[PDB]
Amino acid sequence: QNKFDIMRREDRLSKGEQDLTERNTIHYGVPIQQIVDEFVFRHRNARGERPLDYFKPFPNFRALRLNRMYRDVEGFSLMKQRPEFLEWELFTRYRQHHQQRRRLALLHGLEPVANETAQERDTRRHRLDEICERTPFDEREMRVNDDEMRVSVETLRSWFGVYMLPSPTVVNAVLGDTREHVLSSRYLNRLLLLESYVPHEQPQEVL
Amino acid sequence: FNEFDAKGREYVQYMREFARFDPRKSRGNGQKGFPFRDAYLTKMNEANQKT
Amino acid sequence: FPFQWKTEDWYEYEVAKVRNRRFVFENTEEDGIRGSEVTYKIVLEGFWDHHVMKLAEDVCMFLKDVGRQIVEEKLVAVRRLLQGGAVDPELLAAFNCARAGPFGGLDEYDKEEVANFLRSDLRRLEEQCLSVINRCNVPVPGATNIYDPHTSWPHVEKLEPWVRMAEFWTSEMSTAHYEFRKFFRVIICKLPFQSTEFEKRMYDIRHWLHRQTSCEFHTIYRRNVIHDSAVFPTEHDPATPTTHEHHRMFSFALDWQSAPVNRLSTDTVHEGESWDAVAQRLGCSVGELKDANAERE
Amino acid sequence: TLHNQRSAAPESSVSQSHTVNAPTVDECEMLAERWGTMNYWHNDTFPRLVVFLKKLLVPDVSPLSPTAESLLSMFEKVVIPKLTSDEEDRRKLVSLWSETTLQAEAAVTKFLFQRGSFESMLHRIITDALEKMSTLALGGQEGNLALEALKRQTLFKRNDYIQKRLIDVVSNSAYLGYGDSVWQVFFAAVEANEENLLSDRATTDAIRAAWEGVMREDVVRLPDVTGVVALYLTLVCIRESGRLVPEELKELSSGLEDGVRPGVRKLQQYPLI
Amino acid sequence: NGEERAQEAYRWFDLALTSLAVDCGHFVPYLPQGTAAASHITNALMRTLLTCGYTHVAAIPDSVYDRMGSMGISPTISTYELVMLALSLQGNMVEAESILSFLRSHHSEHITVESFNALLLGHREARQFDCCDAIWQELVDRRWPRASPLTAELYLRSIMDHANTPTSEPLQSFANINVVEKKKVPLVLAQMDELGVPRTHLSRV
Amino acid sequence: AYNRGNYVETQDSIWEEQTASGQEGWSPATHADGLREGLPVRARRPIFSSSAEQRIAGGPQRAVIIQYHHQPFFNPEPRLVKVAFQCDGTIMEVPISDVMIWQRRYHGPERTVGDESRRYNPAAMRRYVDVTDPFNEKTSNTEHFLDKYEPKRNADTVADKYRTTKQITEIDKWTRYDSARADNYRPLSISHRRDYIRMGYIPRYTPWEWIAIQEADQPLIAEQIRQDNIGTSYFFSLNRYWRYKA
Amino acid sequence: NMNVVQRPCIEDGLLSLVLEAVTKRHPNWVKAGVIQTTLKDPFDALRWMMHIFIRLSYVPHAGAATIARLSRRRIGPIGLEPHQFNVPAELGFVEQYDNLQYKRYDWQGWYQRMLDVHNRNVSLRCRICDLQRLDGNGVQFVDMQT
Amino acid sequence: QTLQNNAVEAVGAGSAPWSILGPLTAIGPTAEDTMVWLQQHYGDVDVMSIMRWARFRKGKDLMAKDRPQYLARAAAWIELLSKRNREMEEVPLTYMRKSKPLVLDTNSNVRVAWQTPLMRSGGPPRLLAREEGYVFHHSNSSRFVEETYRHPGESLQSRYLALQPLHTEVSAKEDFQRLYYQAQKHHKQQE
Amino acid sequence: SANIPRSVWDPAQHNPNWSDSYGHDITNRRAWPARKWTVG
């Protein structure tokens, strides 16, 4: 009824925001838990979406939920829709490498902060790469899960190459003996460096 | 199996309570500040016990 | 070890442990699950033990989602109070109220020190509001233990059922033994602030309870009490002391007045009295007498 | 089919009361009146007491040359029979040089924690010296350069004093135990000297009553404090820890609280390799 | 006559700045922009432009604030409160909460109740009533600046606007759901009896 | 802005994005968060004074968790965590409330460990698990010295390995008890979307709409607010009018 | 020998300078008689540390009551006169309303009155350690003999 | 005195240009001019009724006996009840600058601040701030910055990297009174 | 605060570790064979 509200609605629609007159009624539309329960009820406990640990006698609460793709696969460049027989074990080894990197950063005060300037971020990342290249990779924390097999580091080094899973001699040779230390971001950056090298126009019928 | 049975879990908890008992920390706890009758009254009789 | 004691210490231990059963201070200024500001106990009663157990899963899930929403509403206010604020002049006047401080004389707190005492208390609100929120996000239906205070908020505590048996004839032929019984689960809600929004939401659980299942509410809250040293003064003993004859049967109604004793706050000035002579007769300072009588010069 | 209401993430359970973030430039501005905890001034990353002591430094001052050292060392008796030759001008110049040296020492010891007031007072001293120099010194304009050298030297002296005796003392926060071992040393020093601090002959009954009422609560939490008061507490605890530590560890030790408690189970006691 | 009174306010602002440049004839290149009179006249201009139509209300934090910055005039607390009220009438809540967060970070001893009234009115206009409850609970918690009867007016009107709001997720299967928020009204009134806000200082509607 | 080909740079940028948004970071630790050996932690350093009655808390320093007796009989109230601090290596026993872990999410029961992605199968209807060996007990990863004398027959080893191994389709059946299953959560309103198959569904949690209707129908008692700011009437309140008297 | 730090030696003049800066930062400490400027006794600097800690840690009863009324919403009156002490105390009481049979009918009044008068108990609790604070006159409220 | 204290505290003690020209005009030398000045500078309240109410204090006539006490009481009551006096006695605040998100998104709290040409001299004349994308953005952990990038040379880094965000931290506010005071100090203490 | 909390309906406040109502009771009614060994 007001000209103020009409001008505000036209301004908000020009900005590309939600009209306040569409907020006149409250919609508590479709919670995720009801959607998941309807999906499970429609698909008869949703087999195929459950992991293989769900069909084991003592599942954890993480095995009781359906399969989703989390933010672990977002960095892996070799990850496809269908991996070829050994890429998932390399991805799990890289994931455990980053988890040990997170543990080492929490140990030595190299965790990120909220107001981090990019120069402080690069300094903290360089110090974390300096302190993680001299720490050996812990294999006791490497936990095998739903379907993958237990693969040693030597099989992955023979198949994928020595550059994919490096030795300290290898990272000293690329940035400048078979043992595994925690991966660093500057070494993978050097590896990627070496691998890369009229308004209101009208149609013809109205014309 | 587990480590202890039902009465064994009870009396191992009473020894952990008396190992960290401090009477000034029993300020307003009520009867939960009473420090395991068996081991507490044993200490009060050391003038008679004399190992 | 082995435990051998005097019997007089064991006689004194066993009476002291039962008499001090409810001599407990619930709302203490402390860390997590022990310490709080208000304590709510909702005693649920029903005729079957699985009826009260299924209700205590229905109410604890209700008070978890409600209580997390209210504490998040208090946590979003406490984190604004910690970013910055202006000191209340009535709060500053409360610190500078005593005549003599701990260091002798008037302790003049500025706006820096009073905002420091307010910041150190609001830092305790954040550590206690995060303790309730973290225990409200733990009980997933995959792994749920609502009977442990370290795991869930609120937790359920067991109570002994009320059981009363009857001995009556089935005829002088035989005696029947039937027992009335009802079962109890109590729900302990410990909040580190007083919220009337939560007390309103707690009282309306009685309108959607289960069949033949009722409840009662317990509330232990902190409340400031003033001991007025002028209404209840600390005086000497009288010259003629009281005896046992003032404490006979029916001396509670005919010998003693109710506390407190009325003391006269008005007086009349005599013939040769001055400002220093009335204050001597009333036992007060001369400047204190003129402040109560600022109308008359 | 979605919701028209405002979608918002749940409020963060990360404790912002104990989260010490990166220091902003407005925080370094208002650090002179900032109330912080002992963890805040002696933080493991970004300690704020070092930032508070580093904003007292006079910037862009440098140690002067050994030529300027040889100039400023001998001005009382070799250059003073060159600017003038008569008795009263020599007497005036001797008195002015001695008074300017005395007030430069007073300036470098007086305003140690106020940089702007020290700078303004030193500028006023240098101008009031230069004007009375320009009255009777003339001699080819030599004394004004020797007073600019003294202006450089006195500005270097305070910046070296607050570096060596304040910044390099409170530098290693891990040696100080991130402020908590400072409080441990303070409580142990009170634990050693109850007869001198809290007695019937030491303090009044109100002080003892307030001290007992502080230390009888459910959790005794340490108060947040101002940066100059934090520096005071740190320096007195550094001085007082020498008496509580046994004689083998008085000079060289690992940590401020090292040997203060009688029996401590350390993690570095087993791995000698 | 929103646009005409806005043009007259801009013309009188230009007249005022010319007379302030006359009346100030060291700090010579920084006059009269550094004086209290320029900030007072700019606050008067913002307070008058709030009265006008939506274009000038939207131009208060857009054009007027940028012009006050480019002229070099130091603002006061009424400047930020009128900018917050203009953003409140626009419906932009993240910028108004950003301005109050700026005031909480830097100049916290100068904040008056008009900023809280601006946020209450704006979250009432943006129909985010949970933020209205959060702001009212924060104002009851800190107790300073003191709650005017305009605070109780805006909060109770936000409660009555939320309680009369129909919902569409149960599709009115049994009854109206939001009426239970009127149960918050006997609580908050009691809070007014603790806040010293007289309930007779409420409008008749 | 980050290198998508780099894995560590991408995961570090994800970590910094979730740290800036407040999702990850130092939060007070629950008992359910998985406090185990080798855990980095921020624990408040306890201060010891003989004049202190209960205890003195201090600033949160970084430490490792050496051990944590999660059993309620090995660790009564208040619970203790054995930690070793970063600065001096001092092993102490701190309370569990003075313990802060680096959470990775808001809603977690175990906020310490991160989420892990599961493998994908296109035709996931066929997947074979040994019923006798669900976690593969009887297989030996290491080569023993006695396998030279074990029988080298092949068919008898594959026969039992394919006999008791069952597909996941015939492990469990969707009965009529699953159709009438009650929700583990409290629903918003009772949904008639799936009401053709359920046939006897009774909820174990009353929905939010029904709670709101039961709350909106009954009034409040004005004396439940129990506000008090004056004090107690020491002279009059017990001597009031006779109909309303104490 | 590499992971050891030489203990720095602090002279009394540097302590006097930092104490002068502390007094100039907080003049109301010297005005209220908390700290001094002098360093005559050898235990003076530790005494001023103890006084600073007592001032920054001890909360008076009226100020603590006002802070508890502010954010924790503790109800009750607050006395600012020196003859009024603030006692933080707990109050326990029972609320009971029937909802099964005695929810409503002509019996509901006397049954609700029976439930109310049966729940007439009010438990008022106070720690004696909370009573051992300083009064408005500077003397402690409850001492040992009290 | 209040305006002089505001201009002193705006810098931190010298005076600011805040107290050069305040909102009060001079009083005319007439009692009618006095009534004019009180009606045009405190006209939201009834000044004469306030001065009549402030006359007596606990029965004592202050206007006939304690004259400066009555003047201080009436001035305090007029300054309290008047809203225009409350709006004209405000402390000068710093200027809150707008900000935009970063081009290379490193943090959600790190933002590129909008800088006044008074702060940085030179450069091109700019447009309005909202068109480029500058809004009011501030929180508890907000940090403001100027964002450039390190200049790429003809080397191994050509396209694989996102041209790393070299940052330079700026302030969140523009203290105009302190800038004017420091500029006048550089115009005065240098000479 | 609101009558129905934000954790119910808002997808940004959804618990990621929450599991459906049907899987746990189907897991709990599984019958596993006891005899895994040859002798005992």
# chains A, B, ... in the order shown; residues from 1 in each chain; ligands from 1
call {"tool": "residues_around", "arguments": {"residues": "stretch 17-19 of chain C", "least_positions_apart": "5", "cutoff": "12 Å", "atoms": "only C-alpha atoms", "output": "list in words"}}
result
residues 29, 30, 31, 32, 33, 34, 35, 36 and 37 of chain B; 10, 11, 12 and 24 of chain C
call {"tool": "write_last_selection", "arguments": {"atoms": "C-alpha atoms", "output": "PDB file, in the first residue's frame"}}
result
ATOM      1  CA  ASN B  29      28.780 -31.419  47.813  1.00  0.00           C
ATOM      2  CA  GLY B  30      26.547 -32.976  50.473  1.00  0.00           C
ATOM      3  CA  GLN B  31      26.949 -36.689  51.105  1.00  0.00           C
ATOM      4  CA  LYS B  32      29.045 -37.002  47.933  1.00  0.00           C
ATOM      5  CA  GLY B  33      31.847 -35.336  49.896  1.00  0.00           C
ATOM      6  CA  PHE B  34      32.065 -38.221  52.356  1.00  0.00           C
ATOM      7  CA  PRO B  35      35.406 -39.921  51.643  1.00  0.00           C
ATOM      8  CA  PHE B  36      34.812 -43.709  51.416  1.00  0.00           C
ATOM      9  CA  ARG B  37      34.056 -44.843  55.031  1.00  0.00           C
TER      10      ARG B  37
ATOM     11  CA  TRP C  10      31.883 -45.385  62.561  1.00  0.00           C
ATOM     12  CA  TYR C  11      28.849 -44.419  64.640  1.00  0.00           C
ATOM     13  CA  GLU C  12      29.567 -40.745  63.936  1.00  0.00           C
ATOM     14  CA  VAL C  24      24.058 -29.540  48.974  1.00  0.00           C
TER      15      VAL C  24
END
call {"tool": "select_by_dssp", "arguments": {"residues": "stretch 117-292 of chain C", "states": "strand (DSSP E)", "output": "ChimeraX atom specification"}}
result
/C:155-169,175-191,214-228
call {"tool": "closest_atom_pairs", "arguments": {"of": "chain C", "to": "chain G", "cutoff": "7 Å", "atoms": "only C-alpha atoms", "output": "JSON lines"}}
result
{"residue": "C:91", "atom": "CA", "partner": "G:66", "partner_atom": "CA", "distance": 6.4}
{"residue": "C:94", "atom": "CA", "partner": "G:63", "partner_atom": "CA", "distance": 5.2}
{"residue": "C:95", "atom": "CA", "partner": "G:63", "partner_atom": "CA", "distance": 4.9}
{"residue": "C:97", "atom": "CA", "partner": "G:80", "partner_atom": "CA", "distance": 5.6}
{"residue": "C:98", "atom": "CA", "partner": "G:136", "partner_atom": "CA", "distance": 4.2}
{"residue": "C:99", "atom": "CA", "partner": "G:137", "partner_atom": "CA", "distance": 5.4}
{"residue": "C:100", "atom": "CA", "partner": "G:138", "partner_atom": "CA", "distance": 4.5}
{"residue": "C:101", "atom": "CA", "partner": "G:138", "partner_atom": "CA", "distance": 5.2}
{"residue": "C:102", "atom": "CA", "partner": "G:138", "partner_atom": "CA", "distance": 6.2}
{"residue": "C:103", "atom": "CA", "partner": "G:34", "partner_atom": "CA", "distance": 5.8}
{"residue": "C:104", "atom": "CA", "partner": "G:33", "partner_atom": "CA", "distance": 6.9}
{"residue": "C:105", "atom": "CA", "partner": "G:32", "partner_atom": "CA", "distance": 6.9}
{"residue": "C:106", "atom": "CA", "partner": "G:32", "partner_atom": "CA", "distance": 6.2}
{"residue": "C:107", "atom": "CA", "partner": "G:32", "partner_atom": "CA", "distance": 5.1}
{"residue": "C:108", "atom": "CA", "partner": "G:28", "partner_atom": "CA", "distance": 6.3}
{"residue": "C:118", "atom": "CA", "partner": "G:67", "partner_atom": "CA", "distance": 6.5}
{"residue": "C:193", "atom": "CA", "partner": "G:72", "partner_atom": "CA", "distance": 4.4}
{"residue": "C:194", "atom": "CA", "partner": "G:73", "partner_atom": "CA", "distance": 5.5}
{"residue": "C:206", "atom": "CA", "partner": "G:99", "partner_atom": "CA", "distance": 6.5}
{"residue": "C:212", "atom": "CA", "partner": "G:100", "partner_atom": "CA", "distance": 6.1}
{"residue": "C:214", "atom": "CA", "partner": "G:99", "partner_atom": "CA", "distance": 6.4}
{"residue": "C:216", "atom": "CA", "partner": "G:96", "partner_atom": "CA", "distance": 4.5}
{"residue": "C:217", "atom": "CA", "partner": "G:95", "partner_atom": "CA", "distance": 4.9}
{"residue": "C:218", "atom": "CA", "partner": "G:94", "partner_atom": "CA", "distance": 4.7}
{"residue": "C:219", "atom": "CA", "partner": "G:92", "partner_atom": "CA", "distance": 5.6}
{"residue": "C:220", "atom": "CA", "partner": "G:92", "partner_atom": "CA", "distance": 4.3}
{"residue": "C:221", "atom": "CA", "partner": "G:90", "partner_atom": "CA", "distance": 5.5}
{"residue": "C:222", "atom": "CA", "partner": "G:90", "partner_atom": "CA", "distance": 4.3}
{"residue": "C:223", "atom": "CA", "partner": "G:89", "partner_atom": "CA", "distance": 5.3}
{"residue": "C:224", "atom": "CA", "partner": "G:76", "partner_atom": "CA", "distance": 4.7}
{"residue": "C:225", "atom": "CA", "partner": "G:87", "partner_atom": "CA", "distance": 4.9}
{"residue": "C:226", "atom": "CA", "partner": "G:86", "partner_atom": "CA", "distance": 5.0}
{"residue": "C:227", "atom": "CA", "partner": "G:85", "partner_atom": "CA", "distance": 5.4}
{"residue": "C:228", "atom": "CA", "partner": "G:84", "partner_atom": "CA", "distance": 4.7}
{"residue": "C:229", "atom": "CA", "partner": "G:83", "partner_atom": "CA", "distance": 5.0}
{"residue": "C:230", "atom": "CA", "partner": "G:83", "partner_atom": "CA", "distance": 6.5}
call {"tool": "residues_around", "arguments": {"residues": "stretch 27-43 of chain A", "least_positions_apart": "6", "cutoff": "6 Å", "atoms": "only C-alpha atoms", "output": "PDB file with N, CA and C atoms, in the first residue's frame"}}
result
ATOM      1  N   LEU D   2      11.619 -25.047  -1.151  1.00  0.00           N
ATOM      2  CA  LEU D   2      12.574 -24.684  -0.113  1.00  0.00           C
ATOM      3  C   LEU D   2      11.928 -23.732   0.892  1.00  0.00           C
ATOM      4  N   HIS D   3      12.753 -23.146   1.753  1.00  0.00           N
ATOM      5  CA  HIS D   3      12.308 -22.212   2.771  1.00  0.00           C
ATOM      6  C   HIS D   3      12.591 -20.784   2.325  1.00  0.00           C
ATOM      7  N   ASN D   4      11.697 -19.875   2.703  1.00  0.00           N
ATOM      8  CA  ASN D   4      11.857 -18.462   2.391  1.00  0.00           C
ATOM      9  C   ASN D   4      12.498 -17.679   3.527  1.00  0.00           C
TER      10      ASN D   4
ATOM     11  N   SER E 168       2.906 -21.749   6.251  1.00  0.00           N
ATOM     12  CA  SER E 168       2.491 -22.573   5.126  1.00  0.00           C
ATOM     13  C   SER E 168       3.083 -23.975   5.132  1.00  0.00           C
ATOM     14  N   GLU E 169       3.903 -24.326   6.118  1.00  0.00           N
ATOM     15  CA  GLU E 169       4.432 -25.686   6.176  1.00  0.00           C
ATOM     16  C   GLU E 169       3.424 -26.686   6.766  1.00  0.00           C
TER      17      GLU E 169
ATOM     18  N   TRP I   9      14.604 -26.909  10.965  1.00  0.00           N
ATOM     19  CA  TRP I   9      14.250 -26.658   9.575  1.00  0.00           C
ATOM     20  C   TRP I   9      15.393 -26.124   8.723  1.00  0.00           C
ATOM     21  N   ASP I  20      19.623 -42.218   9.549  1.00  0.00           N
ATOM     22  CA  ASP I  20      18.196 -42.394   9.316  1.00  0.00           C
ATOM     23  C   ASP I  20      17.568 -43.293  10.382  1.00  0.00           C
TER      24      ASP I  20
END
call {"tool": "interface_residues", "arguments": {"of": "chain E", "to": "chain H", "cutoff": "10 Å", "atoms": "only C-alpha atoms", "output": "number ranges by chain"}}
result
E: 20, 23-24, 26-41, 43-44, 61-63, 65-80, 94-107, 110
call {"tool": "closest_residue", "arguments": {"among": "D:240, D:224, D:195, D:44", "to": "chain A", "atoms": "only C-alpha atoms"}}
result
D:44
call {"tool": "interface_residues", "arguments": {"of": "chain C", "to": "chain E", "cutoff": "8 Å", "atoms": "only C-alpha atoms", "output": "CSV table (one decimal) with N, CA and C atoms, in the first residue's frame"}}
result
chain,number,residue,atom,x,y,z
C,73,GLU,N,21.1,-18.1,22.0
C,73,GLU,CA,20.6,-16.7,22.1
C,73,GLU,C,21.3,-16.0,23.2
C,74,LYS,N,21.7,-16.7,24.2
C,74,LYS,CA,22.5,-16.0,25.3
C,74,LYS,C,24.0,-15.9,24.9
C,76,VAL,N,25.1,-15.5,21.8
C,76,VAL,CA,25.2,-14.4,20.8
C,76,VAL,C,25.2,-13.0,21.5
C,77,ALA,N,24.6,-13.0,22.7
C,77,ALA,CA,24.6,-11.7,23.4
C,77,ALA,C,25.9,-11.5,24.2
C,78,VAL,N,26.4,-12.6,24.8
C,78,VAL,CA,27.6,-12.5,25.6
C,78,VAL,C,28.8,-12.1,24.7
C,80,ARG,N,28.7,-10.3,22.1
C,80,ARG,CA,28.5,-8.9,21.8
C,80,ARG,C,28.9,-8.0,23.0
C,81,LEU,N,28.6,-8.5,24.2
C,81,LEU,CA,29.0,-7.8,25.4
C,81,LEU,C,30.6,-7.9,25.7
C,83,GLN,N,32.8,-7.8,23.0
C,83,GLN,CA,33.4,-7.0,22.0
C,83,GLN,C,33.5,-5.5,22.4
C,84,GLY,N,32.6,-5.1,23.2
C,84,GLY,CA,32.6,-3.7,23.7
C,84,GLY,C,31.3,-3.2,24.3
C,85,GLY,N,31.3,-2.3,25.2
C,85,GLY,CA,30.1,-1.8,25.8
C,85,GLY,C,30.4,-0.7,26.8
C,86,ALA,N,29.4,0.1,27.2
C,86,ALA,CA,29.5,1.2,28.1
C,86,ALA,C,29.2,0.8,29.5
C,87,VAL,N,30.0,1.2,30.4
C,87,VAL,CA,29.7,0.9,31.8
C,87,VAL,C,28.5,1.6,32.4
C,88,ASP,N,27.6,0.8,33.0
C,88,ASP,CA,26.4,1.4,33.6
C,88,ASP,C,26.9,2.3,34.8
C,196,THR,N,13.6,-16.9,31.9
C,196,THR,CA,12.1,-17.1,32.0
C,196,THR,C,11.5,-17.7,30.8
C,197,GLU,N,12.2,-17.5,29.6
C,197,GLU,CA,11.8,-18.2,28.4
C,197,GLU,C,11.9,-19.7,28.5
call {"tool": "residues_around", "arguments": {"residues": "residue B:44", "least_positions_apart": "2", "cutoff": "12 Å", "atoms": "only C-alpha atoms", "output": "list in words"}}
result
residues 37, 38, 39, 40, 41, 42, 46, 47, 48, 49 and 50 of chain B; 3, 4, 5, 6, 7, 8, 9, 10 and 13 of chain C
